[PDB]
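# Secondary and tertiary structure notes
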Amino acid sequence: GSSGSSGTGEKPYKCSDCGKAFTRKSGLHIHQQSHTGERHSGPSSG
Ligand SMILES: [Zn+2]
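Residues numbered from 1 in each chain as written, not as in the entry; some residues may be left out. Heavy atoms only, no water.

- Its PDB header attributes the entry to solution NMR.

- The PDB entry lists the chain under the name Zinc finger protein 484, with Homo sapiens as the source organism.
- Readers searching the PDB will find this entry under the title "Solution structure of the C2H2 type zinc finger (region 659-691) of human Zinc finger protein 484".

Now the structure itself:
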């Protein structure tokens, strides 16, 4: 079967956007908040 028990590292979470492995579920969540990018329909540039 496929359960893991292979990856030595301790990053149970990986950003499926860029490719960054995080050890803490949060370390990633907070990182993702940045990916969302700052945009606002209009002349607003970031
Ligand atoms: Zn990312």
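## Focus: the overall build of the chain
- Looking only at helices and strands, the chain has one helix and two strands in total.
- Its C-alpha atoms give the chain principal-axis dimensions of about 50 × 20 × 10 Å.
- Taken across its 46 residues, the chain has 9% of its residues classed as buried.
- If you take every contact in the chain between residues at least 6 apart in sequence, the share linking residues at least 24 apart comes to 0%.
- Working note: accessible area of the chain is about 4,200 Å², and carbon and sulfur atoms make up 45% of it. (Helix = DSSP H or I, 4+ residues; strand = E, 2+ residues; numbered from the N terminus. Buried < 20%, exposed > 50% of the residue type's maximum accessible area, 1.4 Å probe, protein only. Contact = heavy atoms within 4.5 Å. Areas by Shrake-Rupley, 256 points an atom, 1.4 Å probe, with all protein chains shown as cover.)

## What to know about the coordination of the zinc ion
- Of the protein atoms, only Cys15 (SG), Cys18 (SG), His31 (NE2) and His35 (NE2) coordinate the zinc ion, at distances of 1.9 to 2.4 Å.
- Considering all four donor atoms around the zinc ion, angles at the metal cover 104 to 115 degrees and the coordination shape is tetrahedral.
- In the primary structure, the donors to the zinc ion are separated according to the pattern C-x2-C-x12-H-x3-H. Taken together, the positions of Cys15 in the loop between β1 (13-14) and β2 (21-22) and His31 in helix α1 (residues 25-35) put the pair 16 residues apart, joining distant regions of the chain. (Donors = N, O, S within 2.8 Å, 3.2 Å for Na, K, Ca; no water. Tetrahedral: all angles 85-135°; square planar, octahedral: opposite > 155°, others 65-115°.)

## Let's talk about the side chain of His31
- Since its relative accessible area comes to 17%, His31 is described here as buried.
- There is a polar contact of 3.1 Å between the side chain of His31 and the side chain of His35.
- Not counting residues up to four positions away in its chain, the partners in contact with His31 are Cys15, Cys18, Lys20 and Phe22. (Polar contact = N/O pair within 3.5 Å; in protein donor to acceptor, adjacent residues only side chain to side chain.)

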